[PDB]
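**Q** Questions regarding the structure given below will be posed in turn.
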Amino acid sequence: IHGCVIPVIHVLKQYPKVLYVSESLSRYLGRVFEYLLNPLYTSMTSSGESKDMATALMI
Amino acid sequence: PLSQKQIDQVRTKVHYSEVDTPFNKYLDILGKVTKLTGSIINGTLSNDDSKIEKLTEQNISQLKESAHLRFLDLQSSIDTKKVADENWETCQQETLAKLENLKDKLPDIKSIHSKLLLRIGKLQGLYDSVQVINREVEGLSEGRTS
Amino acid sequence: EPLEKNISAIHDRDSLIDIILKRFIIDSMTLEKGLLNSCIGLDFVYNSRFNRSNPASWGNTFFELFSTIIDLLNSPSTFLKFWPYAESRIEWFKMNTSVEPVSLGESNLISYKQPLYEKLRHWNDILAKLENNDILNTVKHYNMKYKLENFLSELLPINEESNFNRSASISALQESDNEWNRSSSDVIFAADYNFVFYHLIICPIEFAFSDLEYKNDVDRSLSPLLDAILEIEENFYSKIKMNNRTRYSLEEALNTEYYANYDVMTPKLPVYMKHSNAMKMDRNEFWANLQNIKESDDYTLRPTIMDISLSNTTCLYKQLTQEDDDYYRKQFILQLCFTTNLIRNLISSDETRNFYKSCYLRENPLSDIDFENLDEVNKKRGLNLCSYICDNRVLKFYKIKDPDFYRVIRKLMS
Amino acid sequence: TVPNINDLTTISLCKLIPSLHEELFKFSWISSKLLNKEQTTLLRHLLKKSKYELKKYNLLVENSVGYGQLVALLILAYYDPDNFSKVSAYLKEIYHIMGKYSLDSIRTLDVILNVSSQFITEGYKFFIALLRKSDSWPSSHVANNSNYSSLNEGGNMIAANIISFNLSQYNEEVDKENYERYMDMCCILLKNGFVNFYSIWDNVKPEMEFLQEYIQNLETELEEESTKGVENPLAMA
Amino acid sequence: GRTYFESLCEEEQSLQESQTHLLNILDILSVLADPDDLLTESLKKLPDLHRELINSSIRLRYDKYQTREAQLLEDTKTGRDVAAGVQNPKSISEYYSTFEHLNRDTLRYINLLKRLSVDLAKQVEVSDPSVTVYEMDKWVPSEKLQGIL
């Protein structure tokens, strides 16, 4: 969770079966990977021009 | 079961255990020669059959080196410790002197103490003001009345 | 240079270098120059290990020189100026005889081995002497004693037989103003606090094995004290909550759909200060001025920032009952909680009791505490007073108000 | 002792005279006279305690006043708006205190870690600055934790001992609610190089063998429940 | 032997006499074990020197015990005993009390900043129509009021 990926990569490189113990490891790894990839993804399939529509209704 | 006398007797031996290696060494050199010279006066002599050292004058020089070294080491050991006694004593007298004259340092402490009280004064004041402005805004909000 | 008495000086080679280096250190020490020569020699003896006849014999040599120079330092000023060296080259101390460095985190020194056999005794002598002053101690002295205890504690491993005390409950815990400035409601408050402090917190063991007069005595002394202190803490948190509630009600009734959250109450810096810059600069100037007053060689004889001074009654009263400075009451509550934890475990566990009985006996085969006589009329009153103060009042109080001191005391007790 | 000639006659003669009996205990070789096995055992213990013990108090109830002050001071640091620019004053205060009442280094590091982890959320900035300037910070062998070739070199092994200890206590009921914050504080420390990773990994509770056993059990149970399958009872029995 | 320093000095003087005797004994020993008449005179000088070395040694051990006792007697004097004669207690008490007041006032001031502070109402109105959601913590007071505060 705290953004230190290299220890856990080096551990799961040795004992892959550990992933069977709990699901949350996959979800968190996906979180860090998705943050890694997001800015490349916005540069293509351009949604930045369409980013200017996430606003709330005024009371 | 041990009586009060015996317990006090072990306590005194513990309170005095000293392990000064420089000293024990010089006394040992004195002994390794007193046992040999004392034996020669007796005339027992012999080629070191017992542990009385060896007459062969080839280690007499080895004894001469040891006598110069152990003695010099002991001389330094005591010279060092007396310097430490002189220093720690001087430092203890120095702190006592600073204790005698402290009246010269009351003014600066008094000054910071007073300066801090003024700072607390102003902050407590500003807090009263925030309570007054909030109360006037409350009045204003609740209906109309000016 | 000499290299002339080759046959003569062949007898004892290593010892000769040792004595001449010792004399060098001594005559140079008796500064910013002598310290330089001494440090260079002390490093030289490390670097010249392989050439020595008996390579292991460097250990007892190196340490030796070290001790000598520790003796010759003039005053704790010089000692603090010199220590960063000995803290730089620790990993050289840890290898008693091996000529190859040890893995970081493993030490091969023992309390009774040849290197430390006299050095630990000597440094414990120096620590005891520095502790024995107790009146004329400048802050330099306390800093020096700390540096020394930390060095020695880091040398030996955590597990050695002489690196954790064997159950010595510390006497001489007084916080008075060292017999200086030592002297209604103030006087009775002072007497009551003094009595309970001494009899309960100075010696939890005795106040755990009593004759049922002692227990009830300290209870009849303690009760009103805690009553008054908790009333005061209640006033404190009442002021806080009143301020926050009034502000929240106003800010809620002043907006459209705010609906403030009454739950959270953690303190936050006010808005007109979290974004100013003149006030921050002024506060920093003041803190710098005060700090410069503190760390100056003219004022090295001050008391710590949290002493309570049981001696001067009126100062004690001004300290405990103020309604704006609550840290002193936190100290008192923490002390009671610690001691009561120990007393409860002592009474109930009946297993640590054996250990403490053994420890008390071994140092003194003649004693008077029962250690067995816990009939039940006593046991009851003791384990009742404990569960009363430690749990019924304190935790029940700080479970609704300030739920962070709560976790603190619970974690520390466990 | 000085003359050339002697024997056990001196031992006997000294055993006879009771007047200077204590002077003999003081200075000479008196291992003989104090012969009661109880006496010599008491002697061994009293020597090893009074001469070679460190005389320091490392359990909270041992030096109550002492720890009291320290922990109170620590709370102050987290309730100070300008706490960030007064790190050095706090370190000097803590050293002054640890000096006065002879607290230990190990236990005091632990006391800092606990009441720090209690505020870690929104205190982590000042916490890390404080530990960065204190001399309990490995400055010449700082761990990396971001380079495959150095996941086990450097750190401050004493902090590693205390942390690996406090991370294996999940048996009582009070620590089960603070394990989260404590683990988060260690995870913060474990990336600024305070301790190397493997020094923590190798020493927490579930050993690698028990982990592998649980893994084999889960593998077999999963494979069976997959291939064979299980009938979910709808109206069965 | 009244003081620790003076007893150490007496011990040093006792060391020197022993050293001279020992060195002379060693040289006579070399002459005797050297590869008659000169050897006969030496074989008598050696007992003459013996009626001296043991007596001198005797004294060295005696002084060692003397010095140990004095050191222990000095180490019993605690800090309180030495400061019994300070001439002016008053100033000492005034100075110490002053420090206690300064410590307590500092805690109140620091407590009284973030922990016991009292702040503004936070009424909010935003001019830009674009702002559709407001943080409610970035609200600040008007610049004119800020100068007065």
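Identifiers in the structure tokens: chain A, B, ... in order shown; residue index from 1 per chain; ligand index from 1 in order shown.
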What residues in chain B lie within 6 Å of chain C, counting only C-alpha atoms, written as a list in words?
**A**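 For chain B, the answer reads residues 62, 84 and 87 of chain B.
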**Q** With N, CA and C atoms retained, could you export that selection as a compact mmCIF listing (two decimals), in the first residue's frame?
**A**
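For reference, part23.txt as written:
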```txt
# COMPACT_ATOMS: atom_id res chain seq x y z
N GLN B 62 66.54 -10.68 29.50
CA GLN B 62 65.06 -10.66 29.33
C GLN B 62 64.44 -10.11 30.61
N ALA B 84 43.90 12.94 36.81
CA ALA B 84 42.43 12.88 36.76
C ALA B 84 41.86 13.44 38.06
N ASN B 87 42.07 17.15 37.99
CA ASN B 87 41.10 17.77 37.05
C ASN B 87 39.69 17.72 37.64
```
**Q** Give me the residues near region 36-53 of chain A as JSON, numbers by chain, where near means some atom within 12 Å (using only C-alpha atoms) and where sequence neighbours in that chain fewer than 6 positions away do not count.
**A** {"A": [3, 5, 29, 30], "E": [130, 132]}
**Q** Based on the selection just made, write C-alpha atoms of those residues as a PDB file, in the first residue's frame.
**A**
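Below is the file result-v5.pdb, written as the result:
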```pdb
ATOM      1  CA  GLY A   3       4.343   2.431  -2.456  1.00  0.00           C
ATOM      2  CA  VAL A   5       7.118  -2.318  -4.465  1.00  0.00           C
ATOM      3  CA  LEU A  29      -0.554  -4.507  -6.982  1.00  0.00           C
ATOM      4  CA  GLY A  30      -3.161  -3.556  -9.550  1.00  0.00           C
TER       5      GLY A  30
ATOM      6  CA  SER E 130     -17.495  27.853 -12.037  1.00  0.00           C
ATOM      7  CA  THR E 132     -19.565  24.128  -7.966  1.00  0.00           C
TER       8      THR E 132
END
```
**Q** Once you count only C-alpha atoms, what closest atom pair and distance in Å to one decimal does each residue of chain C within 6 Å of chain D have, with rows by chain and rising residue number, as a Markdown table?
**A**
```
| residue | atom | partner | partner_atom | distance |
| --- | --- | --- | --- | --- |
| C:105 | CA | D:157 | CA | 5.6 |
| C:121 | CA | D:51 | CA | 5.9 |
| C:142 | CA | D:99 | CA | 4.6 |
| C:143 | CA | D:96 | CA | 5.9 |
| C:145 | CA | D:99 | CA | 6.0 |
| C:146 | CA | D:99 | CA | 4.6 |
| C:162 | CA | D:53 | CA | 5.0 |
| C:169 | CA | D:62 | CA | 4.7 |
| C:170 | CA | D:63 | CA | 5.6 |
| C:331 | CA | D:68 | CA | 5.2 |
| C:335 | CA | D:64 | CA | 5.8 |
| C:338 | CA | D:61 | CA | 5.5 |
| C:339 | CA | D:61 | CA | 5.8 |
```
**Q** With a cut-off of 7 Å, could you pull out the residues of chain E touching chain B and give me the nearest pair of atoms for each, distance in Å to one decimal, using only C-alpha atoms, ordered by chain and ascending number, as JSON lines?
**A**
```
{"residue": "E:5", "atom": "CA", "partner": "B:82", "partner_atom": "CA", "distance": 6.1}
{"residue": "E:30", "atom": "CA", "partner": "B:57", "partner_atom": "CA", "distance": 6.7}
{"residue": "E:33", "atom": "CA", "partner": "B:57", "partner_atom": "CA", "distance": 5.8}
{"residue": "E:34", "atom": "CA", "partner": "B:57", "partner_atom": "CA", "distance": 6.8}
{"residue": "E:47", "atom": "CA", "partner": "B:41", "partner_atom": "CA", "distance": 6.2}
{"residue": "E:86", "atom": "CA", "partner": "B:100", "partner_atom": "CA", "distance": 6.3}
{"residue": "E:87", "atom": "CA", "partner": "B:100", "partner_atom": "CA", "distance": 6.8}
{"residue": "E:88", "atom": "CA", "partner": "B:100", "partner_atom": "CA", "distance": 6.8}
{"residue": "E:91", "atom": "CA", "partner": "B:103", "partner_atom": "CA", "distance": 6.0}
{"residue": "E:92", "atom": "CA", "partner": "B:102", "partner_atom": "CA", "distance": 6.9}
{"residue": "E:95", "atom": "CA", "partner": "B:106", "partner_atom": "CA", "distance": 6.0}
{"residue": "E:102", "atom": "CA", "partner": "B:113", "partner_atom": "CA", "distance": 5.7}
{"residue": "E:109", "atom": "CA", "partner": "B:120", "partner_atom": "CA", "distance": 6.3}
{"residue": "E:118", "atom": "CA", "partner": "B:127", "partner_atom": "CA", "distance": 6.3}
{"residue": "E:119", "atom": "CA", "partner": "B:130", "partner_atom": "CA", "distance": 6.4}
{"residue": "E:120", "atom": "CA", "partner": "B:130", "partner_atom": "CA", "distance": 6.3}
{"residue": "E:121", "atom": "CA", "partner": "B:134", "partner_atom": "CA", "distance": 5.9}
```
**Q** Find, counting only C-alpha atoms, the residue in A:14, A:59, A:28, A:20 that gets nearest to chain C.
**A** A:59
**Q** Counting only C-alpha atoms, which residues from chain A have an atom at most 9 Å from any atom of chain E, and could you show them as a PyMOL selection string?
**A** chain A and resi 55-59
**Q** Give one line per residue of chain A that approaches chain D to at most 9 Å, naming the two atoms of the closest pair and their distance in Å to one decimal, counting only C-alpha atoms; sort by chain then ascending residue number and deliver it as JSON lines.
**A**
```
{"residue": "A:2", "atom": "CA", "partner": "D:187", "partner_atom": "CA", "distance": 7.2}
{"residue": "A:4", "atom": "CA", "partner": "D:191", "partner_atom": "CA", "distance": 6.9}
{"residue": "A:5", "atom": "CA", "partner": "D:146", "partner_atom": "CA", "distance": 8.5}
{"residue": "A:6", "atom": "CA", "partner": "D:146", "partner_atom": "CA", "distance": 6.1}
{"residue": "A:7", "atom": "CA", "partner": "D:145", "partner_atom": "CA", "distance": 7.1}
{"residue": "A:10", "atom": "CA", "partner": "D:148", "partner_atom": "CA", "distance": 7.4}
{"residue": "A:17", "atom": "CA", "partner": "D:215", "partner_atom": "CA", "distance": 7.1}
{"residue": "A:18", "atom": "CA", "partner": "D:215", "partner_atom": "CA", "distance": 7.3}
{"residue": "A:20", "atom": "CA", "partner": "D:215", "partner_atom": "CA", "distance": 7.6}
{"residue": "A:21", "atom": "CA", "partner": "D:215", "partner_atom": "CA", "distance": 7.1}
```
**Q** List every residue of chain B that DSSP, applied to the backbone of this structure, places in alpha helix (DSSP H), and write the result as an MDAnalysis selection string.
**A** chainID B and resid 4:14 21:42 60:100 106:141
**Q** Compile the contact shell of residue 228 (chain C) as JSON, numbers by chain: residues with an atom at most 10 Å away, counting only C-alpha atoms, same-chain residues fewer than 6 positions apart removed.
**A** {"C": [189, 234, 321]}
**Q** Can you build me a table of chain E residues sitting at most 8 Å from chain D, with the closest atom pair per residue and its distance in Å to one decimal, using only C-alpha atoms, sorted by chain and residue number, as a Markdown table?
**A**
```
| residue | atom | partner | partner_atom | distance |
| --- | --- | --- | --- | --- |
| E:54 | CA | D:3 | CA | 7.0 |
| E:57 | CA | D:2 | CA | 7.6 |
| E:58 | CA | D:2 | CA | 6.3 |
| E:65 | CA | D:27 | CA | 7.4 |
| E:110 | CA | D:80 | CA | 6.3 |
| E:111 | CA | D:79 | CA | 7.4 |
| E:113 | CA | D:81 | CA | 7.2 |
| E:114 | CA | D:81 | CA | 6.1 |
| E:115 | CA | D:79 | CA | 6.8 |
```
**Q** Would you export the selected residues with N, CA, C and O atoms as a PDB file, in the first residue's frame, please?
**A**
```pdb
ATOM      1  N   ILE E  54      63.403  -6.721  50.362  1.00  0.00           N
ATOM      2  CA  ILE E  54      62.114  -7.138  50.973  1.00  0.00           C
ATOM      3  C   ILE E  54      61.556  -5.994  51.817  1.00  0.00           C
ATOM      4  O   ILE E  54      60.346  -5.701  51.699  1.00  0.00           O
ATOM      5  N   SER E  57      60.004  -3.455  49.518  1.00  0.00           N
ATOM      6  CA  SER E  57      58.762  -3.951  48.886  1.00  0.00           C
ATOM      7  C   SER E  57      57.613  -3.828  49.880  1.00  0.00           C
ATOM      8  O   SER E  57      56.555  -3.361  49.462  1.00  0.00           O
ATOM      9  N   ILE E  58      57.832  -4.343  51.089  1.00  0.00           N
ATOM     10  CA  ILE E  58      56.909  -4.344  52.256  1.00  0.00           C
ATOM     11  C   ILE E  58      56.120  -3.041  52.215  1.00  0.00           C
ATOM     12  O   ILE E  58      54.886  -3.040  52.032  1.00  0.00           O
ATOM     13  N   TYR E  65      47.524  -0.418  49.986  1.00  0.00           N
ATOM     14  CA  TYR E  65      46.299  -0.534  50.806  1.00  0.00           C
ATOM     15  C   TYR E  65      45.935   0.836  51.354  1.00  0.00           C
ATOM     16  O   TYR E  65      44.751   1.173  51.348  1.00  0.00           O
ATOM     17  N   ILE E 110       2.158  27.329  24.810  1.00  0.00           N
ATOM     18  CA  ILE E 110       2.119  26.393  23.656  1.00  0.00           C
ATOM     19  C   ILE E 110       0.772  25.682  23.603  1.00  0.00           C
ATOM     20  O   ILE E 110       0.271  25.479  22.542  1.00  0.00           O
ATOM     21  N   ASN E 111       0.195  25.347  24.742  1.00  0.00           N
ATOM     22  CA  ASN E 111      -1.118  24.669  24.800  1.00  0.00           C
ATOM     23  C   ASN E 111      -2.178  25.567  24.183  1.00  0.00           C
ATOM     24  O   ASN E 111      -3.037  25.076  23.488  1.00  0.00           O
ATOM     25  N   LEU E 113      -2.012  27.631  21.971  1.00  0.00           N
ATOM     26  CA  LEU E 113      -1.984  28.025  20.549  1.00  0.00           C
ATOM     27  C   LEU E 113      -2.895  27.044  19.845  1.00  0.00           C
ATOM     28  O   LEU E 113      -4.051  27.200  19.972  1.00  0.00           O
ATOM     29  N   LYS E 114      -2.386  26.010  19.213  1.00  0.00           N
ATOM     30  CA  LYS E 114      -3.336  25.130  18.503  1.00  0.00           C
ATOM     31  C   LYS E 114      -4.338  24.443  19.425  1.00  0.00           C
ATOM     32  O   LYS E 114      -5.499  24.479  19.117  1.00  0.00           O
ATOM     33  N   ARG E 115      -3.931  23.908  20.555  1.00  0.00           N
ATOM     34  CA  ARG E 115      -4.929  23.101  21.296  1.00  0.00           C
ATOM     35  C   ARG E 115      -6.119  23.857  21.873  1.00  0.00           C
ATOM     36  O   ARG E 115      -7.171  23.270  21.895  1.00  0.00           O
TER      37      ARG E 115
END
```
**Q** Ranking D:28, D:14, D:9, D:138 by minimum distance to chain B and counting only C-alpha atoms, which one comes first?
**A** D:28
**Q** Please identify all residues of chain B having at least one atom at most 7 Å from any atom of chain D, considering only C-alpha atoms, and return them as a PyMOL selection string.
**A** chain B and resi 9-10+12-14+16+35
**Q** Could you please select, counting only C-alpha atoms, the residues of chain C within 6 Å of chain E and state them as a PDB file with N, CA and C atoms, in the first residue's frame?
**A**
```pdb
ATOM      1  N   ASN C 132      26.692  10.293  41.762  1.00  0.00           N
ATOM      2  CA  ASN C 132      26.701  10.585  43.187  1.00  0.00           C
ATOM      3  C   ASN C 132      26.642  12.076  43.492  1.00  0.00           C
ATOM      4  N   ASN C 133      26.932  12.941  42.519  1.00  0.00           N
ATOM      5  CA  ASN C 133      26.919  14.377  42.784  1.00  0.00           C
ATOM      6  C   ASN C 133      25.520  14.846  43.172  1.00  0.00           C
ATOM      7  N   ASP C 134      24.590  14.820  42.218  1.00  0.00           N
ATOM      8  CA  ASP C 134      23.158  14.953  42.462  1.00  0.00           C
ATOM      9  C   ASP C 134      22.733  16.349  42.899  1.00  0.00           C
ATOM     10  N   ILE C 135      23.689  17.226  43.197  1.00  0.00           N
ATOM     11  CA  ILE C 135      23.332  18.593  43.560  1.00  0.00           C
ATOM     12  C   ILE C 135      24.034  19.581  42.644  1.00  0.00           C
ATOM     13  N   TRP C 180      17.040  23.579  47.178  1.00  0.00           N
ATOM     14  CA  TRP C 180      16.977  25.021  46.983  1.00  0.00           C
ATOM     15  C   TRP C 180      15.520  25.417  46.834  1.00  0.00           C
ATOM     16  N   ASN C 181      15.150  26.549  47.434  1.00  0.00           N
ATOM     17  CA  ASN C 181      13.766  27.013  47.436  1.00  0.00           C
ATOM     18  C   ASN C 181      12.842  25.948  48.021  1.00  0.00           C
ATOM     19  N   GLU C 251     -21.599  28.101  12.858  1.00  0.00           N
ATOM     20  CA  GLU C 251     -21.200  27.869  11.472  1.00  0.00           C
ATOM     21  C   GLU C 251     -22.214  27.001  10.743  1.00  0.00           C
ATOM     22  N   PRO C 267      -7.687  19.004  17.558  1.00  0.00           N
ATOM     23  CA  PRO C 267      -7.383  20.434  17.455  1.00  0.00           C
ATOM     24  C   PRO C 267      -6.770  20.773  16.109  1.00  0.00           C
ATOM     25  N   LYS C 268      -7.086  21.965  15.615  1.00  0.00           N
ATOM     26  CA  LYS C 268      -6.535  22.464  14.367  1.00  0.00           C
ATOM     27  C   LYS C 268      -6.182  23.934  14.530  1.00  0.00           C
ATOM     28  N   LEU C 269      -5.093  24.336  13.884  1.00  0.00           N
ATOM     29  CA  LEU C 269      -4.616  25.703  13.962  1.00  0.00           C
ATOM     30  C   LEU C 269      -5.635  26.650  13.329  1.00  0.00           C
ATOM     31  N   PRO C 270      -5.901  27.794  13.956  1.00  0.00           N
ATOM     32  CA  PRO C 270      -6.934  28.691  13.428  1.00  0.00           C
ATOM     33  C   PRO C 270      -6.558  29.211  12.052  1.00  0.00           C
ATOM     34  N   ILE C 305      12.538  20.398  32.105  1.00  0.00           N
ATOM     35  CA  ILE C 305      11.337  21.143  31.742  1.00  0.00           C
ATOM     36  C   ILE C 305      10.067  20.578  32.358  1.00  0.00           C
ATOM     37  N   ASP C 324      -5.103  25.206  32.772  1.00  0.00           N
ATOM     38  CA  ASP C 324      -4.566  25.477  31.447  1.00  0.00           C
ATOM     39  C   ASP C 324      -3.320  24.671  31.114  1.00  0.00           C
ATOM     40  N   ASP C 325      -2.542  24.253  32.110  1.00  0.00           N
ATOM     41  CA  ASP C 325      -1.392  23.379  31.921  1.00  0.00           C
ATOM     42  C   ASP C 325      -1.724  22.035  32.543  1.00  0.00           C
TER      43      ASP C 325
END
```
**Q** Would you kindly report the residues of chain C within 12 Å of chain A, using only C-alpha atoms, as a PDB file with N, CA and C atoms, in the first residue's frame?
**A**
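Written file, out-v6.pdb:
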```pdb
ATOM      1  N   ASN C 255     -25.142  28.701   7.289  1.00  0.00           N
ATOM      2  CA  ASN C 255     -24.979  28.253   5.915  1.00  0.00           C
ATOM      3  C   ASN C 255     -26.202  27.468   5.469  1.00  0.00           C
ATOM      4  N   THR C 256     -26.230  27.158   4.171  1.00  0.00           N
ATOM      5  CA  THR C 256     -27.402  26.524   3.581  1.00  0.00           C
ATOM      6  C   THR C 256     -27.548  25.080   4.039  1.00  0.00           C
ATOM      7  N   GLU C 257     -26.589  24.230   3.677  1.00  0.00           N
ATOM      8  CA  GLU C 257     -26.686  22.793   3.907  1.00  0.00           C
ATOM      9  C   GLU C 257     -25.374  22.267   4.490  1.00  0.00           C
ATOM     10  N   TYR C 258     -24.857  22.963   5.503  1.00  0.00           N
ATOM     11  CA  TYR C 258     -23.583  22.563   6.091  1.00  0.00           C
ATOM     12  C   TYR C 258     -23.723  21.265   6.875  1.00  0.00           C
TER      13      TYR C 258
END
```
**Q** Identify, on the basis of only C-alpha atoms, every residue whose closest approach to residue 21 (chain E) does not exceed 10 Å; exclude the query and any residue fewer than 6 positions from it along the same chain; express the result as a PyMOL selection string.
**A** chain E and resi 49-50+52-54+56-57
**Q** What does the file look like for those residues with N, CA, C and O atoms, as an mmCIF file, in the first residue's frame?
**A**
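Generated output (out_36.cif):
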```cif
data_model
loop_
_atom_site.group_PDB
_atom_site.id
_atom_site.type_symbol
_atom_site.label_atom_id
_atom_site.label_comp_id
_atom_site.auth_asym_id
_atom_site.auth_seq_id
_atom_site.Cartn_x
_atom_site.Cartn_y
_atom_site.Cartn_z
ATOM 1 N N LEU E 49 72.333 -6.771 49.593
ATOM 2 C CA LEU E 49 71.186 -6.133 48.885
ATOM 3 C C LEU E 49 69.869 -6.765 49.332
ATOM 4 O O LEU E 49 68.857 -6.051 49.394
ATOM 5 N N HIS E 50 69.882 -8.069 49.584
ATOM 6 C CA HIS E 50 68.663 -8.758 50.069
ATOM 7 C C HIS E 50 68.241 -8.124 51.392
ATOM 8 O O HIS E 50 67.060 -7.931 51.566
ATOM 9 N N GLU E 52 67.329 -5.570 52.113
ATOM 10 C CA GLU E 52 66.930 -4.210 51.691
ATOM 11 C C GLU E 52 65.706 -4.337 50.786
ATOM 12 O O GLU E 52 64.688 -3.680 51.062
ATOM 13 N N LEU E 53 65.787 -5.216 49.792
ATOM 14 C CA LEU E 53 64.681 -5.317 48.814
ATOM 15 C C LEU E 53 63.382 -5.719 49.498
ATOM 16 O O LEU E 53 62.388 -5.041 49.278
ATOM 17 N N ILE E 54 63.403 -6.721 50.362
ATOM 18 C CA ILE E 54 62.114 -7.138 50.973
ATOM 19 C C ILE E 54 61.556 -5.994 51.817
ATOM 20 O O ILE E 54 60.346 -5.701 51.699
ATOM 21 N N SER E 56 61.928 -2.783 51.458
ATOM 22 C CA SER E 56 61.388 -1.732 50.557
ATOM 23 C C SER E 56 60.076 -2.195 49.930
ATOM 24 O O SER E 56 59.118 -1.421 49.928
ATOM 25 N N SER E 57 60.004 -3.455 49.518
ATOM 26 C CA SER E 57 58.762 -3.951 48.886
ATOM 27 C C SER E 57 57.613 -3.828 49.880
ATOM 28 O O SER E 57 56.555 -3.361 49.462
#
```
**Q** Just the residues within 10 Å of residue 4 (chain E), please, counting only C-alpha atoms, with nothing from its chain fewer than 2 positions along; format it as a compact mmCIF listing (two decimals) with N, CA, C and O atoms, in the first residue's frame.
**A**
```
# COMPACT_ATOMS: atom_id res chain seq x y z
N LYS B 82 46.56 10.47 39.02
CA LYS B 82 46.60 11.68 39.89
C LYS B 82 46.17 12.91 39.09
O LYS B 82 45.53 13.81 39.68
N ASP B 85 42.47 13.09 39.19
CA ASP B 85 41.99 13.59 40.51
C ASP B 85 42.13 15.11 40.54
O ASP B 85 41.19 15.78 40.99
N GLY E 1 49.10 10.78 54.74
CA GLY E 1 48.21 10.06 53.81
C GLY E 1 46.79 10.56 53.92
O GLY E 1 45.86 9.77 53.66
N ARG E 2 46.61 11.83 54.29
CA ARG E 2 45.25 12.37 54.51
C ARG E 2 44.43 12.40 53.21
O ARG E 2 43.24 12.07 53.27
N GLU E 6 47.63 13.01 47.94
CA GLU E 6 48.90 12.96 48.72
C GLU E 6 49.37 11.50 48.88
O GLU E 6 50.60 11.26 48.81
N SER E 7 48.44 10.58 49.12
CA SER E 7 48.81 9.16 49.30
C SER E 7 49.40 8.60 48.00
O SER E 7 50.30 7.75 48.08
N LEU E 8 48.85 9.02 46.85
CA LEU E 8 49.39 8.56 45.55
C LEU E 8 50.83 9.06 45.42
O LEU E 8 51.68 8.27 44.98
N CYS E 9 51.09 10.30 45.82
CA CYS E 9 52.48 10.83 45.77
C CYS E 9 53.36 9.97 46.68
O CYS E 9 54.48 9.64 46.26
N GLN E 66 46.93 1.59 51.81
CA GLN E 66 46.65 2.93 52.37
C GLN E 66 45.91 3.75 51.32
O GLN E 66 44.84 4.26 51.63
N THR E 67 46.44 3.78 50.11
CA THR E 67 45.79 4.59 49.07
C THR E 67 44.39 4.07 48.81
O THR E 67 43.51 4.89 48.68
N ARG E 68 44.19 2.76 48.74
CA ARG E 68 42.82 2.26 48.45
C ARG E 68 41.86 2.78 49.51
O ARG E 68 40.77 3.25 49.16
N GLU E 69 42.25 2.75 50.78
CA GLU E 69 41.30 3.15 51.85
C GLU E 69 40.91 4.62 51.67
O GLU E 69 39.70 4.94 51.76
N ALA E 70 41.90 5.48 51.42
CA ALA E 70 41.61 6.93 51.31
C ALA E 70 40.65 7.17 50.15
O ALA E 70 39.77 8.02 50.30
N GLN E 71 40.84 6.46 49.04
CA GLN E 71 39.99 6.73 47.86
C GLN E 71 38.54 6.43 48.25
O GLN E 71 37.68 7.27 47.98
N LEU E 72 38.32 5.30 48.92
CA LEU E 72 36.94 4.90 49.31
C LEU E 72 36.38 5.93 50.29
O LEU E 72 35.20 6.30 50.14
N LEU E 73 37.20 6.40 51.23
CA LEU E 73 36.71 7.39 52.22
C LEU E 73 36.30 8.68 51.50
O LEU E 73 35.30 9.27 51.90
N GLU E 74 37.07 9.12 50.51
CA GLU E 74 36.69 10.33 49.73
C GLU E 74 35.42 10.09 48.92
O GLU E 74 34.57 10.99 48.88
N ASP E 75 35.28 8.91 48.31
CA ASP E 75 34.12 8.66 47.41
C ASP E 75 32.82 8.64 48.21
O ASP E 75 31.75 8.75 47.57
```
